[PDB]
DNA sequence: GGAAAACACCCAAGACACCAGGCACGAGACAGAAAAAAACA
DNA sequence: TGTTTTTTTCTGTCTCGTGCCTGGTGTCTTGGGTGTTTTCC
Ligand SMILES: [Zn+2]
């Protein structure tokens, strides 16, 4: 079982992602909110991906399903098939 | 006739959105963005009509163009 | 020529759920547009999802999965239950 | 199936001395497939609207004007028209 | 007596019409038998929910007429229905009354 | 392809249109037109990518170069606004 | 409405080509599994010299028209229009050489 | 013959217009100014491509589709005047 | 609004008739778009501790919405 | 302040992923576990999820930086996060 | 071929 | 946490055969749509 | 006075019957890809 793993997304990783976006200063409360946003986004993508796997009578999530699912969320991905 | 979108009308439109105070320079900006949006939708409706071999733009072309831009309109035969 | 619509059925279900309430013509147009739009969404999703598995048939499974993909939340679950209820009722009769 | 050979041909047409990575090849394949899907689906949607059962050059042309933006589409339309007469004439 | 498929499944929506529209709406060569029944049931449930909430919203307004205003109220006041019908504009539906807290004077 | 002066396979586009469940019939000019449009677009984007790679003193095109070529072009990035390129990074903007 | 298939030389209605394909050329044109595109390019409604063949094997006419390996039916001496270069190249990929029946090639 | 239709029954052709602008008038290059003076209902779609009275005129020359059964493709006798009028543009 | 729609449509191809229902649908869509934009711009102004909306909030709302590149 | 611009310059020119692989893998498996058990995952699916989540977070931080710039500040705050999400349409 | 297909005496009339 | 190694085994892909199921043709008809008459606000 | 429920004529589209091809399903085998675990850095 896995319990309280979202904290594995470290604070320097969020710092690096913000630096990529051009952010100069970062408040201390940003990290928990960012973790919550990432959890919401991942849940939304994973729900559709697991539904696509369940319909095909498969037991493994493939890359194509994840592409199809993000494209269904308006987040089309190039480079992993489609 | 872009000046036909008069100042009280755009004031009313801002007022429906819950806005309390209006800057004096905002009206030209709203006229510009309304012109841009109308330009895009009118262009798409016109080429839809031209493909349909017709000379009169119907409501279906307008609703089609709007729905193709992710702005689906209910109530006009969609 | 005539043009089909869902007006009579919408009026029937309204009389089922609210016997003392009528409906205006504009609201009838909105309800017809709503039913048509939902129809296109579910049918297109089912057609795509069927095309993914290299299948030629839209069955109850494809419609059920499309309903789970589109409808957000508990609505999907309720819709799925009633749809299954309808299918077995059809299967229980002939 | 993939579009690798044809992308290689047009690349060596426009840039004989430039190579390409495999990840870029996958990106190109995804791009071509996405654009194909968009144009073909919009052309089918136009065919459904006008109560037509045949996809001809016309609905493809109007789909090209509908999707591609600006000058691009114009040159693309011109290119497509030239291909059609090249198919015809020849 | 040739009984309708709608009466066989206990539905008000036309099973035959959705079957014809699926077969004629260029999706796939062949259409399974249970798909029109399932689709009609889903459409029925959804229209029942929308009309119910709209009739209730009209009932708080002491009206016997359902207008687009009540439909817009019913759609926007329900969280999941607002999520589903996010990107649609209801003609003559208006906007829900919403004034910000700090917008108000003191 | 040789009759139309194209490098893209016209037969492949025709086969995809026939087995793609869009319409019952497909005219002869549609796959030729679609192949020509695809060839022109791919030539344009590869031309801009080769120019960006040359400016970066590289001999092989990288997805970084494709991301730069797509995002530095108004018409292309307008077309590809909702596309995220894997291993493309972001455009340098301070 | 009838059209003459350019490759094999048979003459059948255009709707027969659209629904059922050419019974002889289906192995290399896939006309039964193809759109109106291939029907229009590989069959022409403008022709001359209607030919009916009963026994392909022993008819010298069938050997002269290179139709002794095909299904008996309506055939055309001359067909307006030629096969496109891509279809010719596809046939050469299959190892079959295409000899035009337009009369301009001899 | 500017364009040959793929059906082969018709073809779009480049012609010299015959109008009186409001028993046939003599052929003459399409005059846009006189057409506007005698009929201000001219429509425009492109640059150099003019639509007057439902007929498409390109830079003074009519472009109208005509059937195959309305054309002579053999024993054609050309004249210097018509050659100069067609090749002047 | 009808005159403005006709002026915009004139630039592509003339002699284009516009049904009353098409003009009404266009008006409804334009009003809905403007009301939504003003709601977003009001949120922007409230965020910047102001009660008056300025063109910079309009441009920012359009920027984050993706309408402006 | 100087090293902030140095970090911006370094990371905006680089293309490798900035989220560490193994914690993200465990996060994806932990989220997917509560929808269905005994789920397997292709490596390419995990990589696609990582790339998409990184792109989305980069875009969100850019829009949040614009919001922070609007309020005459240089430090981003959570109110900028929910402002950007609200305007962008997420709930 | 084409030249070899010329008619002979034993071909059907 | 990454790199590398080494098993375990679970599961996706593919070929052969069989039959349940959906399209196809056609007749009957009865339920949906418009004209219209009247009711209610 | 006008929007709307109910009556009636009319028509066209749904149902039912028979047949017939074939897409989908089941089973069995096989390779290969991912999960689990050790250990050094
Ligand atoms: Zn043949």
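Just so it is clear, chain A uses Swiss-Prot numbers, and the residues here are 22-103, in order.
Looking at the header, which is where the method is noted, we find electron microscopy, 3.6 Å.
Using N, Cα and C of the backbone, Cβ positions are placed for all residues, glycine too.
What Swiss-Prot records for this protein:
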{"type": "CROSSLNK", "residues": "A:32", "note": "SUMO2 cross-link"}
{"type": "CROSSLNK", "residues": "A:32", "note": "UFM1 cross-link"}
{"type": "CROSSLNK", "residues": "A:60", "note": "SUMO2 cross-link"}
{"type": "CROSSLNK", "residues": "A:80", "note": "SUMO2 cross-link"}
{"type": "CROSSLNK", "residues": "A:92", "note": "ubiquitin cross-link"}
{"type": "CROSSLNK", "residues": "A:92", "note": "SUMO2 cross-link"}
{"type": "MOD_RES", "residues": "A:32", "note": "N6-(beta-hydroxybutyryl)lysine"}
{"type": "MOD_RES", "residues": "A:32", "note": "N6-butyryllysine"}
{"type": "MOD_RES", "residues": "A:45", "note": "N6-(2-hydroxyisobutyryl)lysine"}
{"type": "MOD_RES", "residues": "A:78", "note": "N6-lactoyllysine"}
{"type": "MOD_RES", "residues": "A:78", "note": "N6-(beta-hydroxybutyryl)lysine"}
{"type": "MOD_RES", "residues": "A:80", "note": "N6-butyryllysine"}
{"type": "MOD_RES", "residues": "A:80", "note": "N6-succinyllysine"}
{"type": "MOD_RES", "residues": "A:81", "note": "phosphothreonine"}
{"type": "MOD_RES", "residues": "A:89", "note": "phosphotyrosine"}
{"type": "MOD_RES", "residues": "A:92", "note": "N6-propionyllysine"}
{"type": "MOD_RES", "residues": "A:92", "note": "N6-succinyllysine"}
{"type": "MOD_RES", "residues": "A:92", "note": "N6-butyryllysine"}
Distance, residue A:89 (phosphotyrosine) to the residue listed as 'phosphothreonine' (CA atoms, angstrom): 15
Pairwise CA distance, residue A:32 (SUMO2 cross-link) versus residue A:80 (SUMO2 cross-link), rounded so that it is a whole Å: 34
Cβ-Cβ neighbours of residue A:78 (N6-lactoyllysine) (radius 10 Å): 7
When distances run from the Cα of residue A:92 (ubiquitin cross-link) to each of the recorded positions A:45, A:60, A:78, A:80, the nearest one: A:60
Separation of alpha carbons, residue A:80 (SUMO2 cross-link) and residue A:45 (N6-(2-hydroxyisobutyryl)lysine) (Å): 44
Separation of alpha carbons, residue A:60 (SUMO2 cross-link) and residue A:80 (SUMO2 cross-link) (Å): 23
CB contacts for residue A:60 (SUMO2 cross-link) [other CB atoms within 10 A, all chains]: 15
CB contacts for residue A:32 (SUMO2 cross-link) [other CB atoms within 10 A, all chains]: 14
For residue A:89 (phosphotyrosine), nearby residues of its own chain (Cβ under 8 Å, 6 or more apart in sequence): A:73, A:103
Cβ-based isolation winner (fewest other Cβ atoms within 10 Å) among the recorded positions A:45, A:80, A:92: A:80
Cα-to-Cα gap, residue A:60 (SUMO2 cross-link) vs residue A:78 (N6-lactoyllysine), nearest whole Å: 27
Recorded positions, contacting chain C; criterion Cβ under 8 Å; candidates A:32, A:78, A:80, A:89: A:89
Where residue A:78 (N6-lactoyllysine) sits in the secondary structure, as DSSP reduces it to three classes: coil
